[PDB]
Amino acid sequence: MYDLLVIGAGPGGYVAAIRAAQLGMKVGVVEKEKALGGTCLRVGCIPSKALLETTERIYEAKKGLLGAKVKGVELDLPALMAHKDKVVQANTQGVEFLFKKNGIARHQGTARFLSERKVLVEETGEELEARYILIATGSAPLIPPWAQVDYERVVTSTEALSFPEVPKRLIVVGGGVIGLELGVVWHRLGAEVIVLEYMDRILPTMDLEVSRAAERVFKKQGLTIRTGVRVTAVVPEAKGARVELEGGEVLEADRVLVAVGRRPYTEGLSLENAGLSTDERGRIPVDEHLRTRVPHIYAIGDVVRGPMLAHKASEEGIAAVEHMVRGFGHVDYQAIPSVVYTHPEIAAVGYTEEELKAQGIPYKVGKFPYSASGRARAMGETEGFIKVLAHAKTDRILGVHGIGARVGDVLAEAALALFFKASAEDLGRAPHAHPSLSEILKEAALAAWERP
């Protein structure tokens, strides 16, 4: 039997497998899909980022470049999709390479618990055993009964990454990260995009000031964003679909992306055979060491509580295996960055102001606008800002948030600062290259530290 059996080969499972191998464990990984990489590499982070990076350059060329005149810009959708596919292929092949290099065995099929220590790979019939078992089955799109997804006209994010032609009109149900990112991708290519959001704000995981700023920015770019709108039904019809809103209003579109969330995925796992169950939200409960109620079985990533992010899943995978081998592991959730890859980018790390207020934590706010940045001005950027939240008494950085060109890259530094439990003073006094966007973060930190 294996020392460790991992179910799922997404960011959580494949990184856990590699770390486990580095620690001397003989690992086996079961994945039902042909390619490794999970949601992120196959139909998530990677293909979405490929489309976002490339469409942004095309969009800017169309809008106009400073100091030049672009006669014409013609979209080559097949070539655009070819690049996306080639990137995905290179990434999935990379994980395969790493598994072989690290001596990690791969099994293809759906894993199902037969007992707390034995797992069946249905397709093949193999019954595998292991000292430790890691459940990293991930997530799937949330599809409410009222949304009649046919995976062609009414789609999930997976199909929205591969539309055969730019839709004349695209309606996005749900103003979360997936909805905004994919809405922006197609808007850049000529689609009329309408985003319908139930809540009074978009991007629920961002700081409220940031979410509001993003809403304004996206509207200025040309996207229609209607908040406080509850979609009651989505139905495929002819070449497109119809969307009904609470009250009776009906909208028609060529394509409708249903992006109202993602749910933990455990279908076909037969958790009951291991003495396990999911909570009301479908998550597998785990303790401080990422262990389920059955001690030798761990659960990580999108299938358990917390932000559904690739690096969050990977970090939990590392912590889980390190606990298995060394008896200790840890994930600094407060230093985990969340980024929206639109242009401008949108990011958050640590606590938002709403979370600090709810906890009654006294804090100071330091804010610096991109408009005051020499590097930003040089780039022709002026919109956005970075805000640093620091403890009113200890000056400890509690959170960093922002919106603006490459703000996600800038906040990589903010995450490191939080990881080191740095104060606003520490960050603000550190050397920063001039002229660079990182100075915006430096100035935000100084402002926070120097707050009354």
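The numbering used is simple: start at 1 and walk along the sequence shown.
Task: 119-127 versus 104-112 - which carries the larger mean C-alpha B factor in the record - done: That would be 119-127.
- [ ] Look over 171-179 and 241-249 in the entry and identify the one with the greater average Cα temperature factor.
- [x] Per the PDB record, 241-249.
- [ ] Kindly indicate the residue among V410, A392, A405, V30 with the greatest C-alpha B-factor in the PDB record.
- [x] Out of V410, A392, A405, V30, the record gives the largest C-alpha B-factor to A392.
Open item on the list: Looking at the C-alpha B-factor values in the deposited entry, which of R262, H83, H323, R377 comes out highest?
Closed with: Out of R262, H83, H323, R377, the record gives the largest C-alpha B-factor to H323.
Open item on the list: Please place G10 in the lowest, middle or highest third of its chain according to the CA B-factor in the PDB entry.
Closed with: Lowest third of the chain for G10's C-alpha B-factor.
- [ ] State the tercile, meaning the lowest, middle or highest third, of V193 with respect to the CA B-factors recorded for its chain.
- [x] Its C-alpha B-factor, which the entry lists for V193, ranks in the lowest third among residues of this chain.
TODO: Classify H401 as lowest, middle or highest third according to the C-alpha B-factor given in the PDB entry, relative to its own chain.
DONE: It belongs to the lowest third of the chain when residues are ordered by C-alpha B-factor.
- [ ] Quick one: classify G38 as lowest, middle or highest third of the chain based on its Cα B-factor.
- [x] According to the entry, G38 has a C-alpha B-factor in the chain's lowest third.
Task: Ranked C-alpha temperature factor of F368 among modelled chain residues, by third - done: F368: CA B-factor falls in the middle third of its chain.
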